[PDB]
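Engineer: Mind looking over this structure? Questions follow.
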Amino acid sequence: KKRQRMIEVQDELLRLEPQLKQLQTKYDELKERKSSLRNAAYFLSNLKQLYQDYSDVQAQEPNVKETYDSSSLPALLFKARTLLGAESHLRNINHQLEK
Amino acid sequence: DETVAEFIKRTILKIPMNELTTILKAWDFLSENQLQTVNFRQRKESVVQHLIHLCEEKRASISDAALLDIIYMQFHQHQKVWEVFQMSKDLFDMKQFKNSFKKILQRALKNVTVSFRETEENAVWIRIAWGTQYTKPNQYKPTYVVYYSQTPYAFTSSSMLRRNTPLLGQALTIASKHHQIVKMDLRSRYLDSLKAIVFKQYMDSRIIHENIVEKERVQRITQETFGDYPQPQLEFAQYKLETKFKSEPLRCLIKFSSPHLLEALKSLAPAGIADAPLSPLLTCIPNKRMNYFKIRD
Amino acid sequence: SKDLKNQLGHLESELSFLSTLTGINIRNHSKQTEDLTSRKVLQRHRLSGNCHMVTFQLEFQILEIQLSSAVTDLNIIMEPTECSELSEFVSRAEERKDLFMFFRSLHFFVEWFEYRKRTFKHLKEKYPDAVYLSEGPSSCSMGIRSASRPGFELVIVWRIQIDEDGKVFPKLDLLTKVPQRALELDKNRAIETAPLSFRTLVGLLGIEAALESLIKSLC
Amino acid sequence: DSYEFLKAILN
Amino acid sequence: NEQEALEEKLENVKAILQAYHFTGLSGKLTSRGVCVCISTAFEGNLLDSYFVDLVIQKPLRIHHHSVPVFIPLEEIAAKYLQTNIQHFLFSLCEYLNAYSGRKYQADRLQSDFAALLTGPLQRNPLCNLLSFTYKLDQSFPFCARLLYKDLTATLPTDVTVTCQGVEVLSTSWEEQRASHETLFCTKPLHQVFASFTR
Amino acid sequence: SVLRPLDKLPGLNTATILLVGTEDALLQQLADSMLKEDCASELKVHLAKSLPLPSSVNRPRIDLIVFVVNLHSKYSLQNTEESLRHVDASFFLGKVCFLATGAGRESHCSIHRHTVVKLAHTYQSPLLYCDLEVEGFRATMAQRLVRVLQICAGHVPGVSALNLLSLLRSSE
Amino acid sequence: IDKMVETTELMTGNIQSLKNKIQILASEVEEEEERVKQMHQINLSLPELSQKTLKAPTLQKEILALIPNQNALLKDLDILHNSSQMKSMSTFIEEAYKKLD
DNA sequence: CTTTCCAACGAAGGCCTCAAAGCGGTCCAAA
DNA sequence: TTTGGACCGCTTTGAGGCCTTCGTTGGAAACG
């Protein structure tokens, strides 16, 4: 009878062992999702407030010059990185289309 | 020990003398010089006595005898009936797997005679001799389990496993790091055909034949259903049916016995015994990977 | 010839089906075979082909030995595009002399490219006044700017890179052309953690939904 | 879906 | 004339079919489906190719296949076999290529560089875990274990190398230990072996 | 489609035979024994599994009907009586014959021979016993069928099908 | 038995806790995501395996720190920015590839 | 509520047969 | 006439059939 008891206790243990894992990972991922979405809501609201404030102030004074710092430098260089490559590809496309 | 000596003697008696040499080449427990000291042209009693002398000169144990029995099983692999177990729900290692399995089976009651032997195609063969809490495990009623690494299937010979089936299953699933273990109703003796099926690894113009369209249709249907490849060697089938008469449901029970199934069934339609399209209960034996069937309307 | 024509048409339909299954159409194939025994055989296969938007040429010489096979060498030519990283990846694969991973990587790169171009066209179609074509739908980056106030601009840069093993992965980053005037206005200063936060937002809810919500906040 | 794409290209 | 043009078209489409076979995968349409042939290679070394049979009917079923069972596909089947079949095939191609590359590295090591190996290597059928020992000539013993838990790639993510029975005495020995660690974690196996042995 | 003996015209010195049964291999071997030797008149052999015979506008005259019956299976019987409903009574006037196979092995005879004897006597048709498995018996039945074909086809002057029926008639 | 009937008895209880835990959390996140649906719309694409947000996206901010006279670089890039010639070039290119789509 | 036995019968070890082949005797080819 | 060769003889023995025993849950019957 103790050997049968072994059978049922081991069966229960091996059945319950995997059950912890999916619940644990689901709890972890949902907690991470909650934190991430709360943060994202905060940032989107804050950036919307920044946009509204800047729009109001620009409507107040649009003629003033808008200086920028290094934080906005590399992407601006992106529009300064003109090497005719896109236009050369456009010319090749036009040459292909002319036939 | 005398017990291991008589066990080895019985195993040798089971081995045909025509291949005993190969057994030694597969056993390799005894030195080749000891093999040379024995000629196989002499009498069976003489050769078995010399083998007993050779194994007694060395230290005879249970592991080597179990390995010899395992390799005898490998060479025959035709004397037992096999069933298939499926595990479900990715890192593997031989040593820790063996350690865990040995620990579980030792924890089973107190002891068990367990032996391992790795084989080609990741075929670990395990010989298990069962013993109770107050007796040494018996070597006359053994069982064999075949495991394939990182696979959802395992094979078992069920000669006396009906005594304690759940123990072996739970031990295997805990050692395989798999949660759910089930037994599908599929039983056969040709182990290699089971391997193939589980893995899906398989003129006198004066005569004017009439109804030739029927013959060409039936042969085409039979070929499409079966195929040119040699069908797996399956030997036993059984359907348990309970369906309404339509002519209180009638309960039917059929058993198909054949030294080569899937071939007589292949020839039924050409012989005209059955219709050109056979029923799905017979055309899905390799497809559904099912051997025992229960169907209701 | 009628039966031969029908068989050729059936085979052509099968070949077109497989070409759709791979997304690559091989225009030409030229085979040459030589034998150099001391049985080594060298086979050269020239082929020009094209993926959905891209055209390529390649030749390779392979060796078979009496029962192993290995490519001796290969040359391959792309077309000049902005994505110069594709050319250097082509070169690296050329030293690697690997074909299957190369072609899978090229298909994945074009599949991500088509996705990017279609999303850019869709967002331009949705709002054509707040969406500015900095370099084109087939470019790497996009920029949203307010016409009334040109001080703000937000650029999303998208670049597809190839792992050394051959794995492909896209990457998207933000940057804001922002005056310090607006930075002085509000002291919250959440723009410092903007890239990581936006990346997390995109991972939570995709790229198209993220950009739609972003442009909705710009209303 | 996959079936609709396969049927549209098969035709 | 017409026959010559038909023959030219036939040989052109045959050459295109051969080119299709030489890249990516292969597929031969049959009555009951396509016996799709998947091709494997790594580092410009042609490897063994497999094939799988298909059924074009709506209840998508695999009635025959040659891919070894230890490669997981039934889960991938439930994932993307019914929907987005193209991604299904691409993923299985990647997985088979990775497995073939791992097996090629393993048996290449077994055949060629067994000279400096002191014991047999323990390998899984999928070759996700590798465990072996090696001696390099001063002479230093090492035992390495590689975890290829990332199934889609041919490079391990976690490798550990150590030795039992010898206490640490030379910082240079730990230096070669770390160098080998980086070599397994970054570059292929036989490549770095030939690199330092030569 | 009920078959009629008097539908079309036969060829120049042409004779035809029909064999209806279940075992295709036995029919093929029997036809091989039929055509092992050829007489002056050309011979055509037709094999079928059931009646009515499949439609064919190019069918020549079928001057002889032979039904093979195995006492080993009732299925062959049911086949014979189901097929018997697709032929006119005119064939029964000596153009029909019954050949029973395996009658010698009384152990293997599933249905009793009395049944087929009664069936043949009911329709007043010739009844023949032979074993197709034995090569000698098959050959003997081969010249037997060839010569009964010669008799019924009208090749030999003097007798007709009803004449041979009055010859081969059983007492009871 | 004891060890077994010990070790499982806690974990399942833990399960229960976690169970209600996640349930509560689920409810929370539900209402909270409704909040982010106040302005953002309810609604193909293929997300990454958490590899997109790993590399440093603003390494360029460090790279520009290595250039000499970064503020002077900003000033000269601005005096080049106001030039209408490059704006005309950009708008001409835009118009050129406008018909491409 | 528990325990033990009869039953349902399944199963495999053991008895018993023979078809197989090696060893032995004998006839016939060759020295 | 003598010696070697090949025939047929004989015994040995390997495998399959088969009876019987072992094991037996599952139900029935007695009960601390």
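Just remember, in the structure tokens the first chain shown is A, the second B, etc., residues are 1-based per chain, and ligands are 1-based in the order shown.
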For a quick test of understanding: name the residues of chain G lying within 9 Å of chain C when counting only C-alpha atoms, and present them as a compact mmCIF listing (two decimals) with N, CA and C atoms, in the first residue's frame.
Structural biologist:
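The resulting file, part-v9.txt, is reproduced below:
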```txt
# COMPACT_ATOMS: atom_id res chain seq x y z
N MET G 39 -7.36 58.02 -26.16
CA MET G 39 -6.98 58.79 -27.34
C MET G 39 -6.43 57.91 -28.46
N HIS G 40 -5.59 56.93 -28.13
CA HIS G 40 -5.05 56.01 -29.12
C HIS G 40 -6.13 55.05 -29.59
N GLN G 41 -6.12 54.77 -30.89
CA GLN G 41 -7.12 53.90 -31.48
C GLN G 41 -6.94 52.46 -31.02
N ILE G 42 -7.99 51.66 -31.22
CA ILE G 42 -7.91 50.23 -30.90
C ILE G 42 -6.88 49.55 -31.79
N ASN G 43 -6.90 49.87 -33.08
CA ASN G 43 -5.93 49.32 -34.02
C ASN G 43 -5.64 50.32 -35.14
N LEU G 44 0.74 41.88 -42.45
CA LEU G 44 0.51 42.55 -41.18
C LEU G 44 1.82 43.09 -40.60
N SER G 45 2.25 42.52 -39.48
CA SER G 45 3.49 42.93 -38.84
C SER G 45 4.04 41.75 -38.05
N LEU G 46 5.34 41.81 -37.75
CA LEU G 46 6.00 40.74 -37.02
C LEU G 46 6.90 41.32 -35.94
N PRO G 47 6.54 41.16 -34.67
CA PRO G 47 7.38 41.68 -33.59
C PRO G 47 8.65 40.86 -33.41
N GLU G 48 9.64 41.50 -32.79
CA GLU G 48 10.93 40.87 -32.54
C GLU G 48 10.86 40.03 -31.27
N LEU G 49 11.91 39.24 -31.04
CA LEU G 49 12.03 38.44 -29.82
C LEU G 49 12.83 39.21 -28.76
N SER G 50 12.36 40.43 -28.49
CA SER G 50 12.95 41.32 -27.50
C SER G 50 14.42 41.59 -27.81
N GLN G 51 14.71 41.76 -29.10
CA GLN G 51 16.05 42.09 -29.58
C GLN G 51 16.15 43.51 -30.11
N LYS G 52 15.01 44.11 -30.45
CA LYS G 52 15.00 45.47 -30.98
C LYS G 52 15.48 46.50 -29.96
N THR G 53 15.07 46.37 -28.70
CA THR G 53 15.34 47.37 -27.67
C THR G 53 16.58 47.06 -26.84
N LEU G 54 17.58 46.38 -27.41
CA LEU G 54 18.77 46.00 -26.67
C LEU G 54 19.99 46.85 -26.97
N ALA G 56 22.36 50.07 -27.98
CA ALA G 56 22.27 51.48 -27.64
C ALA G 56 21.86 52.28 -28.86
N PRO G 57 20.75 53.01 -28.81
CA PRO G 57 20.28 53.73 -30.00
C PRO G 57 20.91 55.11 -30.16
N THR G 58 21.43 55.66 -29.07
CA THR G 58 21.99 57.01 -29.05
C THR G 58 23.50 57.00 -28.89
N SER G 90 16.44 69.19 -52.40
CA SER G 90 15.65 68.18 -51.72
C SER G 90 14.24 68.12 -52.28
N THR G 91 13.61 69.28 -52.50
CA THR G 91 12.24 69.27 -53.01
C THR G 91 12.20 68.78 -54.46
N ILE G 93 14.25 66.47 -55.67
CA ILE G 93 14.37 65.02 -55.54
C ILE G 93 13.03 64.42 -55.12
N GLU G 94 12.38 65.07 -54.15
CA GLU G 94 11.05 64.61 -53.68
C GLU G 94 10.13 64.51 -54.89
N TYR G 97 10.94 61.52 -57.21
CA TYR G 97 10.51 60.19 -56.78
C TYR G 97 9.06 60.16 -56.32
N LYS G 98 8.34 61.29 -56.41
CA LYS G 98 6.92 61.28 -56.08
C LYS G 98 6.14 60.38 -57.04
N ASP G 101 6.19 56.10 -56.61
CA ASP G 101 5.23 55.34 -55.82
C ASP G 101 3.93 55.14 -56.59
```
Engineer: Just the strand (DSSP E or B) stuff from segment 144-191 of chain B, please, per backbone DSSP, written as a list in words.
Structural biologist: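 Across segment 144-191 of chain B, those assigned strand (DSSP E or B) are residues 144, 145, 146, 147, 148, 153, 154, 155, 156, 157, 180, 181, 182, 183, 184, 185, 186, 187 and 188 of chain B.
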Engineer: Find the residues around residue 65 of chain A up to 10 Å (only C-alpha atoms (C1' of nucleotides) counted), leave out those fewer than 3 positions away in its own chain, and share them as a PyMOL selection string.
Structural biologist: (chain A and resi 61-62+68) or (chain C and resi 151+179+181)
Engineer: Show me a table, sorted first by chain and then by increasing residue number, of the residues of chain G having an atom at most 8 Å from chain A, each with its shortest atom pair and the distance in Å to one decimal, counting only C-alpha atoms and written as a tab-separated table.
Structural biologist:
```
residue	atom	partner	partner_atom	distance
G:1	CA	A:6	CA	7.4
G:4	CA	A:9	CA	7.1
G:5	CA	A:9	CA	7.5
G:8	CA	A:13	CA	6.3
G:11	CA	A:20	CA	7.5
G:12	CA	A:16	CA	7.3
G:15	CA	A:20	CA	6.4
G:18	CA	A:23	CA	7.2
G:19	CA	A:23	CA	7.4
G:21	CA	A:27	CA	7.8
G:22	CA	A:27	CA	5.5
G:25	CA	A:31	CA	7.3
G:26	CA	A:30	CA	7.4
G:29	CA	A:34	CA	5.8
G:32	CA	A:38	CA	7.7
G:33	CA	A:37	CA	7.6
G:36	CA	A:41	CA	6.4
G:60	CA	A:74	CA	6.7
G:61	CA	A:71	CA	6.5
G:64	CA	A:74	CA	7.6
G:70	CA	A:70	CA	7.6
G:71	CA	A:70	CA	7.7
G:74	CA	A:73	CA	7.2
G:93	CA	A:87	CA	6.8
G:96	CA	A:90	CA	7.6
G:97	CA	A:90	CA	6.9
```
Engineer: Please dump the current selection as an mmCIF file, in the first residue's frame; keep C-alpha atoms.
Structural biologist:
```cif
data_model
loop_
_atom_site.group_PDB
_atom_site.id
_atom_site.type_symbol
_atom_site.label_atom_id
_atom_site.label_comp_id
_atom_site.auth_asym_id
_atom_site.auth_seq_id
_atom_site.Cartn_x
_atom_site.Cartn_y
_atom_site.Cartn_z
ATOM 1 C CA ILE G 1 6.212 10.672 1.768
ATOM 2 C CA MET G 4 6.962 14.857 -0.991
ATOM 3 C CA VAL G 5 3.821 15.710 0.959
ATOM 4 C CA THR G 8 4.169 19.942 -3.154
ATOM 5 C CA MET G 11 3.923 25.087 -4.225
ATOM 6 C CA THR G 12 0.260 24.519 -5.060
ATOM 7 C CA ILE G 15 0.035 28.644 -7.215
ATOM 8 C CA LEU G 18 -0.031 33.617 -7.851
ATOM 9 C CA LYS G 19 -3.377 32.657 -9.372
ATOM 10 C CA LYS G 21 -2.286 37.611 -7.988
ATOM 11 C CA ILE G 22 -2.327 37.377 -11.761
ATOM 12 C CA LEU G 25 -3.137 42.106 -12.101
ATOM 13 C CA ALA G 26 -5.132 41.105 -15.168
ATOM 14 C CA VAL G 29 -4.076 45.972 -16.701
ATOM 15 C CA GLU G 32 -5.379 50.546 -17.529
ATOM 16 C CA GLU G 33 -5.200 49.608 -21.194
ATOM 17 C CA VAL G 36 -4.527 54.138 -23.267
ATOM 18 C CA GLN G 60 25.839 58.856 -32.048
ATOM 19 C CA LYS G 61 25.345 61.337 -29.184
ATOM 20 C CA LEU G 64 29.618 63.719 -31.921
ATOM 21 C CA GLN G 70 31.001 70.616 -31.766
ATOM 22 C CA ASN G 71 29.215 73.902 -31.021
ATOM 23 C CA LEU G 74 26.397 73.174 -35.027
ATOM 24 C CA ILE G 93 14.369 65.020 -55.542
ATOM 25 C CA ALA G 96 11.325 63.273 -58.883
ATOM 26 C CA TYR G 97 10.510 60.193 -56.779
#
```
Engineer: Determine, counting only C-alpha atoms (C1' of nucleotides), which protein, DNA and RNA residues have an atom within 7 Å of an atom of residue 144 of chain C; residues of the same chain fewer than 6 positions away are not included. Present the result as a PyMOL selection string.
Structural biologist: chain C and resi 130-132+153-155
Engineer: Got time to write the residues from that selection, C-alpha atoms, as a compact mmCIF listing (two decimals), in the first residue's frame?
Structural biologist:
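Writing the result to again_7.txt gives the following:
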```txt
# COMPACT_ATOMS: atom_id res chain seq x y z
CA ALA C 130 2.28 66.05 -41.46
CA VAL C 131 4.31 63.38 -43.31
CA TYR C 132 7.38 64.61 -45.21
CA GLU C 153 10.65 67.47 -36.10
CA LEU C 154 10.71 63.77 -35.27
CA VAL C 155 12.72 61.30 -37.35
```
Engineer: Distance cut-off 10 Å, counting only C-alpha atoms (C1' of nucleotides) - which residues of chain I neighbour chain B? Return them as a ChimeraX atom specification.
Structural biologist: /I:14,23-24
Engineer: Hey, can you spit out that residue selection with C-alpha atoms (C1' of nucleotides) as a PDB file, in the first residue's frame?
Structural biologist:
```pdb
ATOM      1  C1'  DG I  14      17.814 -26.014 -34.713  1.00  0.00           C
ATOM      2  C1'  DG I  23       0.034 -14.642 -12.665  1.00  0.00           C
ATOM      3  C1'  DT I  24      -3.873 -12.672 -12.125  1.00  0.00           C
TER       4       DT I  24
END
```
